[PDB]
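Chains as they are written, first to last, in our numbering: chain X, 114 to 187; chain P, 28 to 130; chain G, 23 to 127; chain S, 52 to 129; chain R, 319 to 401; chain H, 4 to 96; chain W, 5 to 99; chain F, 497 to 593; chain C, 4 to 100.
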DNA sequence: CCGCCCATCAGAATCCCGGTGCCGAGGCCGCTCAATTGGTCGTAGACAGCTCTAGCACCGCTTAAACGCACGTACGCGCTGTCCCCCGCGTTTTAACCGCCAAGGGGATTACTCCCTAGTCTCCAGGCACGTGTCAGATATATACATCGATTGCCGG
DNA sequence: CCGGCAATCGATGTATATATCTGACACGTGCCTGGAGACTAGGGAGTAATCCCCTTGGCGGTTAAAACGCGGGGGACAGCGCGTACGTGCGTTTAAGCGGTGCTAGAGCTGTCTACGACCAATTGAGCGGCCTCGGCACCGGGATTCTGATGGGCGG
């Protein structure tokens with residue numbers, strides 16, 4: 114399904130990622146479509162820092178979600 | 028500060044002061060303000076996340092009381108918690124009984 | 023006079039009420055007249071309820087008051103019913119009441 | 052001044068309540084129930100104001116009264 | 319010992335007696351099951367609160383004071399069993 | 004251990020009101036619960052009143068306002084009269 | 005112009021944590037302040053009653069935990085208990 | 497053969513049970529149900545007899561009040577028989593989810 | 004042309020269930036509040052916020068009452084609300100004795 | 001051959017889009033007061049141990065209540081007709097809302113003093129635990145009265 | 001010559017009167033813990049003065065909302081018919097209730113000692129009040145899209 118990811122520059126990107134796909138897969142797809150290194154990417158959903166060892170379904174990410182970049186929570 | 032040690036955003040010292048000057052008990056333990064601040068922060072985060080989603084649905088970038096009302100009334104646990112609370116300038120959920128609809 | 027109730031001319035205890043107020047986590051300080059006022063109010067309410075319940079007991083040709091008489095006394099008074107609106111009395115029962123549409127014609 | 056609560060206003064309140072057809076004897080009942088509710092709340096608020104030795108009724112007194120009656124209200128300084 | 323099927327111990331005559339004390343003359347045949355469900359929900363809530371109260375005190379026995387405190391929390395004050 | 008209750012004072016009031024009627028054991032328990040409940044209600048209301056006005060003491064004014072807020076219409080008048088009479092008698096003596 | 009305290013800055017920090025690009029108005033801020041205050045009073049009063057029942061002179065994290073379990077419904081209580089326990093453990097570990 | 501018409505013994509029962517004060521449910525079934533319900537939250541639990549007594553009193557009071565409201569709702573619809581819809585309407589208006 | 008009965012009613016239901024404005028004029032409500040207050044104590048003053056809060060609470064109360072009244076009217080196989088529905092709702096809620 | 005059901009038109013009503021502007025939300029700066037740190041001290045509570053009470057389990061016997069079945073009647077529900085009363089729309093009236101001005105009552109702050117409350121120590125008496133007698137009330141039995149439903153007589157159609 | 005209405009008559013259920021015994025209530029006794037009395041120290045609250053902010057009152061306009069009336073369609077209500085579900089009674093079965101017995105886990109109390117919370121003093125930075133600036137949202141005008149209801153048509157009893 115298609116998710117919206119927003120960067121610090123206000124750019125909105127559409128990602129076609131399955132719910133069972135891991136966060137590392139999302140980072141790989143973002144790098145493929147944008148060139149941003151996965152280690153330089155920090156995605157967040159529901160005010161939580163996503164971990165590459167989990168999947169979209171682990172974070173209960175549903176359709177038409179919104180993700181943000183860089184912001185860290187600790 | 029104590030919030031920094033606890034890794035929180037809400038104030039621990041202020042909560043401790045409010046507990047000590049509220050006529051609740053003779054003494055207050057060291058971890059009670061930390062526990063209370065963590066719980067308050069969690070509840071605030073939940074409500075704010077729902078309200079922000081409601082604001083995004085309306086194509087708005089600012090939260091108004093209507094969004095808070097829509098967030099609270101559409102969640103079962105939040106509706107149970109705030110069951111006897113009136114939010115000013117909130118409104119109601121759109122709902123029409125099926126008998127009144129035209130055939 | 024020696025005790026505070028006798029000075030106030032009451033039956034309920036003023037010293038015990040003062041002690042309960044001072045240790046109930048209500049305020050930093052407690053004034054001198056607050057126990058007297060509270061004791062007088064409590065005594066008045068007790069007297070009202072007991073008078074009504076004793077009348078109810080006398081109606082049933084009884085000498086002792088049982089929870090049924092207290093329930094009858096409370097439920098038949100408007101102000102007492104308003105005050106004890108969300109209170110359940112054990113072994114009390116209900117007021118006899120049948121809707122008019124259910125009676126035979 | 053109870054007649055200043057006009058029939059169209061009551062109809063609008065009913066529309067927000069989800070009501071389609073309204074009988075002609077509903078407006079008097081609505082006025083009565085509103086009067087009772089206002090009487091209770093204003094009595095409590097004026098008691099609160101009088102305890103503080105003020106000649107002006109503030110929003111805090113109204114909020115305290117409503118909380119006493121069991122109807123918490125958010126957004127006015129509570 | 320784990321026991322089941324105890325909701326059926328609330329027999330139809332008992333529900334009829336409760337309805338008679340309530341002032342009801344005629345009762346439909348589908349009322350008993352709904353009454354059982356309502357009673358089950360009420361008991362579940364009260365017992366949950368009372369068991370929480372008992373656990374906080376580090377006791378293995380539920381007392382009448384826990385029940386009274388629970389009921390007061392649910393906004394149903396009860397007179398007679400202490401308090 | 005000693006357990007305190009209101010039984011003796013309730014019995015004295017009852018003998019003042021009905022000088023021949025008695026009382027059972029469950030009725031006295033109900034009376035004890037009633038007295039305790041009213042005590043907690045009035046005390047809590049007075050404490051909240053003191054907190055609102057930024058005061059650190061509870062006086063007879065707080066009790067009077069609390070019984071005016073809590074008790075219904077005609078009960079409050081007689082309760083206020085009784086409390087005022089008791090306070091005046093206590094102060095004069 | 006006496007100083008008046010509120011929860012506005014902390015609520016704004018939380019909001020910027022959950023939704024990085026989203027604002028809030030003054031009325032919504034007032035509603036949030038009232039909500040935080042209300043929940044505070046409820047939990048504190050429940051804990052005070054719990055301490056009174058068991059004849060204790062102190063309020064500890066056990067009282068707060070039991071009050072949260074008594075007041076909050078269902079999954080809310082579970083997540084709140086987890087958050088509070090994590091915060092207390094983190095505070096104790098650091099010194 | 498003597499026989500009463502329908503509704504007579506019902507009124508007699510209404511009068512009889514509105515003047516007594518005893519409990520209307522057997523004690524052993526209620527005790528068993530309470531223990532089974534409490535088994536879900538915590539095992540190896542013991543109860544005082546007073547606790548079960550208080551639970552029974554509260555439950556019976558709740559049910560009697562609910563039946564009064566149900567009778568009112570049934571009469572509002574020009575009926576003398578109570579149906580599950582009346583119970584549902586009473587619970588919904590009261591505010592019980 | 005002309006719309007059939009019930010159409011504009013549904014339009015009004017839809018449009019008033021999505022707004023948040025107050026549905027009562029301010030001057031009449033202020034006058035009513037002032038006279039009700041003068042029933043108790045004279046020479047009393049009001050903040051504007053007090054009247055605003057009173058209006059908000061009153062409108063919320065009335066809207067909830069009308070929701071319950073509509074439910075009661077539907078229970079009796081009707082689409083028109085009547086004073087008996089209001090009385091039944093208030094009685095079941097507990098406000099009416 | 002005509003009443004009932006179905007496809008198709010214009011016309012209000014709501015929404016979306018684009019340009020304009022304007023006021024509130026978000027960021028920056030100075031200060032002061034409350035939170036942090038470090039040390040001391042007293043006591044609230046945890047922990048171990050002992051005692052004895054009440055909660056749990058089991059067995060036997062009586063009997064009242066529950067359960068299953070049959071029969072019949074009264075109530076619930078659906079249909080039909082009427083009749084009236086609420087809804088939708090057009091015209092006229094009114095008062096609400098906005099803008100502006102003026103005046104003064106009272107709410108909020110501050111300085112000062114003093115008197116009411118807390119804390120300490122001593123003494124003693126009232127309330128609680130325990131024990132005992134007796135009488136209000138539950139129990140059993142007999143009896144009188146009220147009500148309910150079937151039977152039958154009577155005025156009238 | 002039957003029906004509806006009205007007045008009897010037997011059966012059943014409920015309240016009332018009279019011993020009878022018992023278990024709970026009311027009263028008497030000892031003691032110990034909490035309340036009363038006397039005194040001291042200190043801060044919370046009352047009181048007076050000042051200031052300015054906000055509440056109250058009045059006037060003018062304009063315009064949208066309220067008030068009034070009318071025509072009509074749809075909903076509320078009443079009567080009628082039918083059928084089935086619920087009430088009343090009887091015979092059979094079951095388990096609740098009572099009365100013992102035994103046993104053990106746990107609730108309740110006591111002594112000790114110790115880690116934790118209160119209190120105090122000095123320091124300092126976080127949060128609050130004030131000011132500015134621009135962008136999200138309110139506003140206005142125009143076109144697009146969507147129901148809604150009348151109109152034409154077709155069809156089958």
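Idealized CB from N, CA, C, for every residue including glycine.
Determine, using beta carbons only, whether residue 32/C and residue 94/S come nearer to each other than 9 angstroms. Locating residue 32/C in the ninth chain gives position 29, where the first residue counts as 1. Locating residue 94/S in the fourth chain gives position 43, where the first residue counts as 1. Taking 9 angstroms as the Cβ cut-off, residue 32/C and residue 94/S do not qualify as a contacting pair.
What does DSSP give as the partner residue(s) for residue 84/C in the beta ladder? Numbered from 1 along the ninth chain, position 81 holds the residue referred to as residue 84/C. Answer is 73/S.
Quick one, which of 58/S, 73/S, 53/S, 54/S has its alpha-carbon nearest residue 9/C's? Within the ninth chain, numbered from 1, the residue matching residue 9/C stands at position 6. Residue 73/S is the option with its Cα nearest to residue 9/C.
Let me make sure I understand the geometry here. Which of 121/P, 35/P, 56/P has the alpha-carbon closest to that of residue 64/W? Residue numbering aside, residue 64/W sits at position 60 when the seventh chain is read from its first letter. Among 121/P, 35/P, 56/P, the Cα nearest to that of residue 64/W belongs to 56/P.
Using only the alpha-carbon positions, how far apart do residue 103/P and residue 324/R sit? As a position in the second chain, residue 103/P is number 76, starting the count at 1. As a position in the fifth chain, residue 324/R is number 6, starting the count at 1. Distance between the alpha carbons of residue 103/P and residue 324/R: 30 angstroms.
Which stretch, first to last residue, makes up the beta strand (DSSP E) that contains residue 41/C? Here residue 41/C refers to the residue found at position 38 of the ninth chain. Where residue 41/C is concerned, there is no enclosing beta strand (DSSP E), although the alpha helix (DSSP H) it sits in stretches over 29-43.
Evaluate the contact criterion for the segment 29-36 of chain H versus the segment 81-95 of chain G: three or more CB pairs, one atom per stretch, below 8 angstroms. yes
Residue 25/H in three-state terms, based on DSSP: Stepping through the sixth chain from its first residue, residue 25/H is reached at position 22. In this structure, residue 25/H counts as strand in the three-state DSSP scheme.
Tell me where the alpha helix (DSSP H) around residue 69/C begins and ends. Residue numbering aside, residue 69/C sits at position 66 when the ninth chain is read from its first letter. Taken as a continuous stretch (DSSP letters only), the alpha helix (DSSP H) holding residue 69/C covers 51-78.
Bridge partners for residue 119/X per DSSP, in chain order? Here residue 119/X is taken as the residue at index 6 of the first chain, counted from 1. Looking at the DSSP assignment, residue 119/X forms a beta bridge with 125/X, 181/X.
Looking at the C-beta of residue 375/R, does it have a partner C-beta in chain W at a distance below 9 angstroms? Taking the first residue of the fifth chain as position 1, residue 375/R is located at position 57. It does; some Cβ of chain W falls within 9 angstroms.
Give the straight-line distance between the Cα atoms of residue 180/X and residue 78/P, rounded to the nearest whole angstrom. Start at 1 with the first residue of the first chain, and residue 180/X comes out as number 67. Start at 1 with the first residue of the second chain, and residue 78/P comes out as number 51. Going by the C-alpha atoms only, they are around 16 angstroms apart.
Can you give me the start and stop residues for the beta strand (DSSP E) that residue 397/R sits inside? In the fifth chain, the residue the question calls residue 397/R occupies position 79. Its beta strand (DSSP E) spans residues 395-397.
Would you mind telling me which residues of chain P sit closer than 9 angstroms to residue 125/S, beta carbon to beta carbon, in chain order? Position 74 of the fourth chain, counted from the start, is the residue given in the question as residue 125/S. Residues of chain P passing the Cβ test: 92, 95, 109, 112, 113, 114, 115, 117.
Can you name the residues of chain S whose CB is closer than 8 angstroms to the CB of residue 56/H? Your numbering for residue 56/H matches position 53 in the sixth chain. Going along chain S in sequence order, the residues near residue 56/H (Cβ under 8 angstroms) are 102, 103.
Tell me the residue span of the beta strand (DSSP E) that contains residue 168/X. As a working note, residue 168/X is residue 55 in the first chain. Where residue 168/X is concerned, there is no enclosing beta strand (DSSP E), given that its DSSP letter is neither H nor E.
What are the boundary residues of the beta strand (DSSP E) that residue 112/P is part of? Here residue 112/P corresponds to residue number 85 of the second chain, with the count starting at 1. Residue 112/P -> beta strand (DSSP E) spans 112-114.
Using a Cβ-Cβ cutoff of 7 angstroms, what residues of the segment 327-349 of chain R are near chain G? List them in chain order. 339, 341, 343
How is residue 357/R classed by DSSP in three states: helix, strand or coil? For the purposes of this step, residue 357/R is taken as residue 39 along the fifth chain, with counting starting at 1. In this structure, residue 357/R counts as helix in the three-state DSSP scheme.
Among 57/H, 67/H, 82/H, the one whose alpha carbon lies nearest that of residue 161/G: Residue coverage of chain G in this structure runs from 23 to 127, which leaves residue 161/G outside it and unanswerable.
What is the DSSP secondary structure of residue 44/W, counted as helix, strand or coil? For this step, residue 44/W is matched to residue 40 along the seventh chain. Residue state, collapsed to three classes: helix.
For the candidate residues 147/X, 145/X, 185/X, whose alpha-carbon lies nearest to that of residue 161/X? Position 48 of the first chain, counting from 1, holds the residue named residue 161/X. Comparing Cα-Cα distances from residue 161/X to each of 147/X, 145/X, 185/X, the minimum goes to 185/X.
What are the start and end residues of the alpha helix (DSSP H) that includes residue 156/X? Position 43 of the first chain, counting from 1, holds the residue named residue 156/X. Run containing residue 156/X: none in the alpha helix (DSSP H); it sits in the beta strand (DSSP E), 156-158.
DSSP-derived helix/strand/coil call for residue 62/S: Position 11 of the fourth chain, counted from the start, is the residue given in the question as residue 62/S. It is helical.
Report the neighbours of residue 324/R on chain F: residues whose CB is nearer than 7 angstroms to its CB, in chain order. Here the question's residue 324/R lines up with position 6 in the fifth chain. Here the neighbours are 525, 528, 529, 532.
Spatial neighbours of residue 78/S within its chain, please: CB distance less than 7 angstroms, with the 5 preceding and 5 following residues excluded, ordered by chain position. Start at 1 with the first residue of the fourth chain, and residue 78/S comes out as number 27. 58, 61, listed in sequence order.
With a threshold of 8 angstroms on Cβ separation, who are the neighbours of residue 382/R within its own chain once the five nearest residues in sequence on each side are excluded? Here residue 382/R corresponds to residue number 64 of the fifth chain, with the count starting at 1. So the qualifying residues of the chain are 399, 400.
Given a limit of 9 angstroms on CB to CB distance, which residues of the segment 361-372 of chain R reach chain F? 361, 362, 364, 365, 366, 368, 369, 370, 372
Taking three-plus beta-carbon pairs below 8 angstroms as touching, is the segment 67-76 of chain W in contact with the segment 45-55 of chain W? yes
Simplified DSSP state of residue 105/S, which is helix, strand or coil: Here residue 105/S is taken as the residue at index 54 of the fourth chain, counted from 1. Three-state DSSP puts residue 105/S in coil, outside helix and strand.
Specify, as a first and last residue, the run of the alpha helix (DSSP H) that residue 22/C falls within. Taking the ninth chain and counting its residues from 1, one reaches residue 22/C at position 19. Residue 22/C -> no alpha helix (DSSP H), and no H or E assigned at all.
Looking only at C-alpha atoms, which of 59/H, 85/H, 55/H, 10/H sits nearest to residue 39/H? Within the sixth chain, the letter at position 36 stands for residue 39/H. If we check each option's Cα against that of residue 39/H, 10/H comes out closest.
Just to confirm my understanding: we take residue 115/G, look at its own chain, exclude 5 residues before and 5 after, and list those with CB closer than 8 angstroms. What are they? Stepping through the third chain from its first residue, residue 115/G is reached at position 93. Around residue 115/G: 90, 93.
How long is the line joining the alpha carbons of residue 104/G and residue 393/R, rounded to whole angstroms? Walking along the third chain from the start, residue 104/G turns up at place 82. Walking along the fifth chain from the start, residue 393/R turns up at place 75. Residue 104/G and residue 393/R: Cα-Cα distance of roughly 15 angstroms.
Is the separation between the beta-carbon of residue 55/H and that of residue 103/S shorter than 9 angstroms? Here residue 55/H is taken as the residue at index 52 of the sixth chain, counted from 1. Here residue 103/S is taken as the residue at index 52 of the fourth chain, counted from 1. Going by C-beta atoms, residue 55/H is nearer than 9 angstroms to residue 103/S.
Within its chain, find whatever has a CB closer than 8 angstroms to the CB of residue 102/G; leave out the 5 residues flanking it on each side and keep chain order. In the third chain, residue 102/G corresponds to position 80, counting from 1. Here the set comprises 70, 71, 74, 95, 96.
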